[PDB]
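To start, the structure under review is shown below, and the notes come after it.
Protein chains in written order, with the deposited numbering: chain B, 10 to 382; chain B', 10 to 382; chain B'', 10 to 382. A prime marks a further copy of an entry chain.
This is how it looks when you write it as C-alpha cells:
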C-alpha cells in the first residue's frame with residue numbers, strides 16, 4: 010500500500026508534471042531489456058530498461074526523459090508484487106511476445122493451458138480439439154512383443170524335425186528351404202555353436218574364428234552368455250559364375266543376385282514384409298537392393314540406411330529390410346546382389362509376415378510344429 | 010517514442026479535457042469490431058471500432074464522443090508496436106474472449122502453452138496433469154501386424170496336409186471343419202484360382218465368372234496381381250429346407266441359420282472374437298445377426314454397419330464382426346441367417362482369437378503346421 | 010457507455026481528488042479476495058476486496074482509503090463487461106497467478122492454448138515441441154490381443170496329441186514337459202472339469218471341491234459359464250524331501266525350489282518372459298522369488314506385488330511374473346520356492362515369450378500343431 014494523493018497545492022505543479030510523464034508512459038508498458046546499470050549513453054524518450062543492478066533499486070524503471078524536457082532524469086518506478094509485462098524485441102518462435110511476469114521474487118514466464126487430463130490413470134491424446142483416452146498398447150514398445158516366426162527350422166539348418174523349443178539339438182546340418190541358391194550359387198556349412206563348449210572351459214566342441222567374431226559383434230562376451238547358449242549351424246554362400254539379374258549398388262558397381270527364397274507365401278499382411286538376419290563379408294563385395302524403388306527402409310544395427318550401401322567387408326551387420334508389395338508373393342524378396350566369387354557369412358535369419366520391430370535380436374524367434382514337443 | 014507533456018499553460022484546458030476523455034476510455038480497452046470506414050451513423054459514446062481503412066490512419070481508434078459532449082469528433086489513437094487487446098462480443102467456443110495481439114505488423118492471436126515435450130525423440134501424452142512418454146507401439150498401425158491365423162487349411166478347402174507356405178498346391182478340393190452346415194444346408198465347391206492361369210495369357214486353368222467378379226471387387230485388375238496369385242478353392246452354400254433357429258433382420262424379414270463353426274475353441278482372449286471373410290449373394294436374401302445384442306460392431310468394406318443390414322445381392326462385401334463372450338465357446342458364432350434356397354458365395358475366410366484390425370485383406374493369413382515345410 | 014467528463018469547474022477539485030485516487034489504484038489491479046460483505050475491521054489503503062454481496066452492488070470494488078486521507082470511504086467501482094483480473098495471494102501449482110476473467114456474467118478462468126489437433130480423425134501427441142499423429146495401435150488395449158501360446162498341450166495335461174481347438178477331449182491325464190519336478194517333488198493328477206457335467210444338472214462326471222473353489226475364484230458362477238466349459242486336468246505337486254537351492258521369502262522363512270521348466274527356449278525376445286498360472290495352497294507355505302533381483306514386476310489378480318510375498322493359504326491367486334534375461338535360457342525361471350511337504354494346487358498355466366498383458370485369463374491360450382485339426 011502507498012499513496013501520492015494529498016500534499017500542499019503549492020507544489021501541485023511538480024507532481025502534475027510528474028503524473029503526466031507517467032500517463033505518457035502507460036500507453037504500453039514494454040521494456041527494451043533488463044540492465045544491471047543505467048545506460049550512460051545512447052538513451053532517449055521511450056527507452057525503458059529494467060535497472061536490476063545490485064542494491065535496493067532492483068527492478069526500478071530507468072526511463073530517460075529528454076525529448077520535450079527541461080532536464081532529463083532517471084525517473085524511478087518501484088514495483089510491488091508486480092505482474093505480467095510484455096516484451097517486444099525478442100519473441101518466441103511461435104510468434105508470442107516474451108513475457109516475464111514478475112511473481113514478486115523472480116521474473117516468471119507467462120502461464121496458460123486450458124486442458125489437464127483427469128487424474129484417473131488414463132493417458133489422453135488430443136483428437137479433433139478434444140483430449141481422448143489412449144489404450145495400454147500405446148505405452149508398450151515393440152522390441153519385446155513375442156510375434157510368431159515363419160521359419161520352421163529357426164535357421165539352425167538342422168531340419169524341421171528338430172525341436173525349436175529345446176536348447177540343444179543332436180541332428181546334423183541340414184539345408185533350409187528359405188535360402189535357395191541363385192545364379193549358380195553354392196551354400197555350404199560354415200560352423201556350429203555348441204552348448205557347454207570346450208573353448209570356454211568345457212568338454213564340448215570348440216568354437217571357430219567366425220563364431221568368435223559373431224559373438225564379439227553380438228556383445229555376448231560374458232561367460233554366462235558366451236560360455237553357454239543355444240545351438241545352431243552357420244553357412245557360407247559362394248556366388249556362382251552365372252550373370253543373370255544384374256544390378257548396381259550405391260557406389261555404381263554392378264552385381265548379380267545370389268540367393269532366392271523360392272517364392273514364399275509371406276506377402277500377405279498389407280503386402281508388408283520384414284527380413285532380419287546376421288551376416289559378414291569374407292570376400293568380394295555386395296550391396297542392398299538395386300536402387301530406391303517403391304517404399305523401403307533399411308536399418309543397419311539400428312541405424313537407418315539407404316539402398317545400395319556397400320556393407321563393410323568382414324564385419325557383422327544387423328539388417329532389417331521392411332517393404333510393401335500387394336502382388337502377394339516374390340522370389341527375390343531380399344533384393345541382395347553380390348560380386349561373383351564373394352564369400353558371404355550369414356547366421357540366424359529371421360523373417361516376418363509384416364512390419365515388426367524386435368530390435369537387434371540375438372537368436373531366432375521360435376515357432377510351433379509337430380516336432381516342437 | 011513520443012510526448013504530449015509541456016506546452017504552454019494557456020492551452021492546458023484543451024489537453025486536459027483531452028486526457029480526461031482517455032482516462033474515461035482506459036477503463037477497459039475493448040473494441041466492438043474492426044472497420045475500414047468510420048461508421049457514419051449509429052454510433053455513440055462507448056462505441057470503439059478499429060478504423061483500418063486504406064491509408065496512413067490504419068488501426069487508429071474511432072471512438073465517437075457525443076454523450077455529455079459539446080461537439081463529437083472521431084478522436085484518433087495511433088498505436089505503436091501495440092499488444093494484446095481483448096474483444097467481448099465474439100468469443101471462442103471454450104469461453105475465451107477473442108484477442109488480436111497486434112504484433113506491430115499484423116493482428117496476431119494470443120499465445121500460451123505451459124508445456125513442450127523434451128526434444129529427445131519420445132512422444133509424450135498427458136497423464137494426471139503431466140506429460141508421460143509413449144512407446145513405439147503407439148505409432149504403428151494395426152492393418153500390418155502379422156498375427157497368427159487359426160484356420161489350419163487357410164480356407165483354401167484343400168485340407169490341412171497342404172502346405173500354407175507354398176504359392177501353389179496340387180491337392181484337390183476338401184471341406185473345411187470351420188464351416189459346418191446348419192438346417193440341412195449343403196456346401197459344394199464353387200471354383201478355384203490357378204497360378205499362371207490361361208485366362209490372362211497363360212496355359213493353366215481358366216477363371217470362371219465368380220472369380221472375375223471377386224477380383225474386380227478385390228481391385229486386383231493389373232496383370233502383376235490379376236494374372237498371378239495364390240491358389241485356393243471357393244464354395245457355395247445352399248441353405249437347407251429346415252426352419253430351426255429363426256431370426257429377423259433389420260428389414261423385418263425372418264431367416265434361419267445355415268452354417269455353424271462346430272463350437273470352435275476361439276472365445277479365449279477376454280471372450281473376444283474376430284471373423285473376416287469375403288462373400289457374395291447369388292440368390293435369395295440374408296442379414297447379419299438377429300438384433301443388437303450385447304456388444305457388437307460390424308464393418309462393411311471398412312464402413313461401420315448395424316445388425317440386420319441386408320447385404321446387397323450379387324456384390325462382394327468385406328465383413329469384420331468382432332464381439333465379446335465370456336462363455337468360452339459358441340457354435341453359431343457368425344450369427345448369420347439366410348433365406349431358404351439362397352445361394353451364397355464365399356471365399357477366403359479368416360478368424361482370429363481376438364480383436365484385430367487387418368483391414369481389407371486379399372488372402373488368408375498363414376499359420377504353421379506339420380505340413381508347413 | 011458512460012462519462013465523467015464535463016461538469017462545472019466549481020466542483021472540479023472533488024473529481025480531481027477522485028481521479029487521483031484511482032490513478033493511485035491503477036498501478037496493479039489485484040484483489041486480495043472476494044467478499045460478500047464489506048470488511049468492517051482490519052482494512053487499510055491497498056486493501057481491495059470484491060464486494061459481491063447480494064444486491065445491485067455485486068462486483069463493486071471496496072477499496073478502503075484511510076492512510077493519507079481526510080475521511081475514509083468505501084469507494085465503489087461498478088464494472089462493465091469486465092475482463093481478466095490477476096490475483097496474487099493464491100496461485101496454481103504451476104506458478105500461475107490465479108485469474109478470474111469476469112465474462113460479464115460469471116468469474117471465468119483465463120484461457121489459452123496454442124495448438125489444436127486437426128479435425129481429420131487422427132490422434133496427435135506432442136513430439137519435440139510439435140504435435141505428431143499416432144497410430145491405431147495406441148488406442149487398442151493389451152488384454153484382448155490374440156498372442157500365441159508356447160505350451161503344446163495347453164496345460165490340460167492330456168498330451169500334445171490332443172487337439173487344442175476342440176472344446177472336449179477324451180485322452181487321459183498326461184504329464185507336461187513344461188513342469189518338471191525339482192528337489193524330489195512329485196506331481197500327481199488333481200482333478201478334471203468335464204463338459205456337460207452332472208454336478209450342475211447334467212450326466213457327465215461330477216466336480217470336486219477344488220474345482221468349485223477355482224470356479225468361484227474365477228467368477229464363473231452362472232450356469233452358462235459354470236455348467237459348461239472347456240475340459241482340462243488339474244495336478245497337485247508335493248514338494249520333495251531334498252533341500253537344494255535354498256531361498257528365503259519376504260517373511261524371512263527359508264524354502265527350496267520344487268519345480269523347474271527343463272531349460273525351455275523362451276528367453277528370446279529381448280530376454281523378456283511372461284508366466285501366468287492359477288494356483289492355490291492346500292498345505293505348507295510358499296513365496297515368490299528369493300529377493301529383489303535384476304528387474305521384476307509381479308501382479309496378483311491385477312495388483313502389483315513385491316518379491317517374497319507369502320501367498321495366502323487356500324486361495325486362488327493370479328500371478329504374472331515378467332522379467333528380462335539376455336542369457337537366452339533358464340531352468341528355474343519361475344523362481345518359486347515352497348516349504349517341504351507343502352501341497353500346492355495349480356491349473357491352467359500359460360507362458361509367453363515376452364511381456365504381454367492378457368489380464369486375468371479364464372482358459373489357456375491356444376496354439377497350432379499337427380493335432381490341431
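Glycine is no exception: its CB is placed at the ideal position from the N, C-alpha and C atoms.
- Under the three-state reduction of DSSP output, residue 37 of chain B'' falls in the coil class, being neither helix nor strand.
- For residue 247 of chain B' against residue 199 of chain B', the beta-carbon gap comes to about 11 Å, at or over 8 Å, which does not count as contact.
- Residue nearest to residue 228 of chain B within the set B/62, B/369, B/137 is B/369 (criterion: CA-CA distance).
- Nearest to residue 211 of chain B' by C-alpha distance, out of B'/99, B'/235, B'/196, is B'/235.
- Residues of chain B' whose Cβ lies closer than 9 Å to the Cβ of residue 169 of chain B are, in chain order, 379, 381, 382.
- By the rule that beta-carbons nearer than 8 Å mark a contact, residue 23 of chain B does not touch chain B'.
- Close to residue 372 of chain B, with beta-carbon spacing below 9 Å, are these residues of chain B'' in chain order: 274, 276, 277, 337.
- Residue 273 of chain B'' is bridged by DSSP to B''/339.
- In this structure, DSSP gives residue 157 of chain B' a state outside helix and strand, which the three-state scheme calls coil.
- For residue 43 of chain B', the uninterrupted beta strand (DSSP E) run begins and ends at 42–44, by DSSP.
- The criterion of a C-beta distance shorter than 8 Å is satisfied by residue 291 of chain B and residue 353 of chain B.
- Of the residues assessed, residue 43 of chain B' falls on the exposed side of the cut-off, its CB having fewer than 16 other CB atoms within 10 angstroms.
- By the criterion of at least three beta-carbon pairs nearer than 8 Å, the segment 155–169 of chain B is not in contact with the segment 316–332 of chain B.
- Counting of Cβ neighbours within 10 angstroms places residue 125 of chain B' among the exposed residues, the total staying below 16.
- Looking at the DSSP output, residue 328 of chain B'' sits in a beta bridge with B''/286, B''/309.
- Fewer than three Cβ pairs drawn from the segment 98–109 of chain B'' and the segment 79–86 of chain B'' lie within less than 8 Å of each other, which leaves the two stretches out of contact.
- For residue 286 of chain B', none of the residues of chain B pass the 9 Å Cβ criterion, the least Cβ distance being about 15 Å.
- Taking residue 283 of chain B' as reference, the option from B'/109, B'/37, B'/364 with the minimal CA-CA separation is B'/364.
- For residue 340 of chain B', the closest of B'/323, B'/274, B'/359 by C-alpha to C-alpha distance is B'/274.
- Burial is judged here by how many other beta carbons sit within 10 angstroms of a residue's own beta carbon; residue 306 of chain B'' has fewer than 16 and is exposed.
- Counting along the chain, no beta strand (DSSP E) covers residue 93 of chain B', and no H or E run does either.
- Within the same chain, 57, 58, 59, 94, 96 come within 7 Å of residue 40 of chain B by CB-CB distance, once the 5 residues on both sides are set aside.
- DSSP places residue 105 of chain B outside any beta strand (DSSP E), giving it a letter other than H or E.
- Distance from the CA of residue 146 of chain B' to the CA of residue 334 of chain B, rounded to the nearest whole angstrom, comes to 22 Å.
- For the segment 43–61 of chain B, the beta-carbon criterion of a distance under 9 Å to any beta-carbon of chain B' is satisfied by 53, 54, 55, 56.
- Cβ proximity to chain B' below 8 Å picks out 367, 368 from the segment 346–368 of chain B''.
- Taking a 10 Å sphere around the C-beta of residue 35 of chain B', we find fewer than 16 other C-beta atoms and assign the residue as exposed.
- Remark: C-beta atoms of residue 189 of chain B and residue 271 of chain B approach each other more closely than 8 Å.
- Using a CB distance below 9 Å, the part of the segment 118–134 of chain B facing chain B' consists of 118, 119, 120, 121, 122, 123, 124, 125, 126, 127, 128, 129, 130, 131, 132, 133, 134, ordered along the chain.
- The continuous beta strand (DSSP E) containing residue 245 of chain B' extends over residues 241–247.
- When B''/294, B''/27, B''/113, B''/220 are compared, the shortest CA-CA separation from residue 72 of chain B'' is found for B''/27.
- Contact with chain B'' is found for residue 97 of chain B', since one of that chain's Cβ atoms lies less than 8 Å from the residue's Cβ.
- For residue 164 of chain B', the closest C-alpha among the options B'/358, B'/362, B'/371 is that of B'/358.
- Rounded to the nearest whole angstrom, the C-alpha separation of residue 321 of chain B and residue 217 of chain B is 21 Å.
- For residue 280 of chain B', the three-state secondary structure derived from DSSP is coil.
- Rounded to whole angstroms, the gap between the alpha carbons of residue 347 of chain B and residue 123 of chain B is 59 Å.
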